[PDB]
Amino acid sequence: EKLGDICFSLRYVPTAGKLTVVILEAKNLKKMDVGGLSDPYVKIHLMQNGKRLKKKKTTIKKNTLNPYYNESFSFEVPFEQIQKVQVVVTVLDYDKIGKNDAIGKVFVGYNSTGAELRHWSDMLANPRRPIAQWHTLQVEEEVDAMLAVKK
């Protein structure tokens, strides 16, 4: 089964050590609600080797598998640290308070691979320019495992 796709932009300003992630939209999200659709929001976790650092989240959209956000989030990551971090993006279905029901997950950073690594590398090769890219969502537990694999 397909979990969905997410589009976000990445921008790095090396002088200021400012990392900006804009959650743009998601599409083809898995239906999570019985009979219904999903109520998606997106968490953005800045991590280091799968260890928590800073956490942010989007607003919640109701009853949609194709949410449009255009919500920006910024993180302070000094130049010397930018190849040590992981930007972890999780789409969840809001259902009840305090309960996390993940639809799918992906991360970018130096220890990511494939199209995730490409997005990260394109960001670094284009300082100060926001680079937008689509990503296929994966199962949370599979992404969590990969966060622990260092290059």
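Don't overthink the numbering: it's just position in the shown sequence, from 1.
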Subject >> Of 119-127 and 57-65, the stretch whose C-alpha atoms average the higher B-factor in the entry >> reply: 57-65
**OP:** Identify the stretch, either 45-53 or 107-115, whose C-alpha atoms have the larger mean B-factor according to the entry.
**Re:** 45-53
Subject >> Residue of maximum C-alpha B factor among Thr90, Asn70, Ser38, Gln83, per deposited coordinates >> reply: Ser38
**OP:** Consider only the C-alpha atoms of the modelled residues in this chain, order them by B-factor as the entry records it, and name the third containing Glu25: lowest, middle or highest.
**Re:** lowest
Original post:
If you rank the chain by CA B-factor, which third does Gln138 end up in: lowest, middle or highest?
Top reply: middle
**OP:** Tell me, lowest, middle or highest third: where does the Cα B factor of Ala16 rank within its chain?
**Re:** highest
